[PDB]
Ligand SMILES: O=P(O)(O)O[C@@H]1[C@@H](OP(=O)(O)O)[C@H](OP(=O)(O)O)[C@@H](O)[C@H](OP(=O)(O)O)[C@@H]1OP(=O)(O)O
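To begin, one chain is listed below as structure tokens, in the form deposited without the ligand.
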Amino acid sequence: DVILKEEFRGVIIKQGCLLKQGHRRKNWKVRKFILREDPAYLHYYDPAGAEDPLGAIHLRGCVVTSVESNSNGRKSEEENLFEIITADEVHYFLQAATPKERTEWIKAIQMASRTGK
């Protein structure tokens, strides 16, 4: 009892809608990202119909990097891109509303990823 998913056993670090690279129909989607520490787990929710956590990003062992805007060939959609390289070797391409906020999220995930105990 008084025990739920380890993902949520850590308190919210930072929440805000971000652009998730997801070439299903669009290129970048607008979903709510809520962060949580302790095991380090980032969570994304759909504004249009999924406040249920579609999945958790495994920050434990993840590295973040400031993308030099590798938006080649297309229009510069990927500007304020920051990548999250999980320990699972998955590169998660995220973007913010501003260059400022993505930096804040770089810091967010990196500080949250420190809780890998």
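One rule holds for the numbers: they count along the sequence shown, beginning at 1.
One more form of this protein, solved in complex with the ligand, exists but is not displayed; see below.
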Please determine whether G22 contacts the ligand in the deposited complex, using a 4.5 Å cut-off between heavy atoms. yes
Verify the contact flag for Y44: yes if a non-hydrogen atom of it lies within 4.5 Å of a non-hydrogen atom of the ligand in the deposited complex, no if not. yes
Using a 4.5 angstroms cut-off on non-hydrogen atoms, would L54 count as touching the ligand in the deposited complex? yes
Please determine whether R31 contacts the ligand in the deposited complex, using a 4.5 Å cut-off between heavy atoms. yes
Just one of 22-30, 80-88, 35-43, 59-67 has heavy atoms within 4.5 Å of the ligand in the deposited complex; which? 22-30
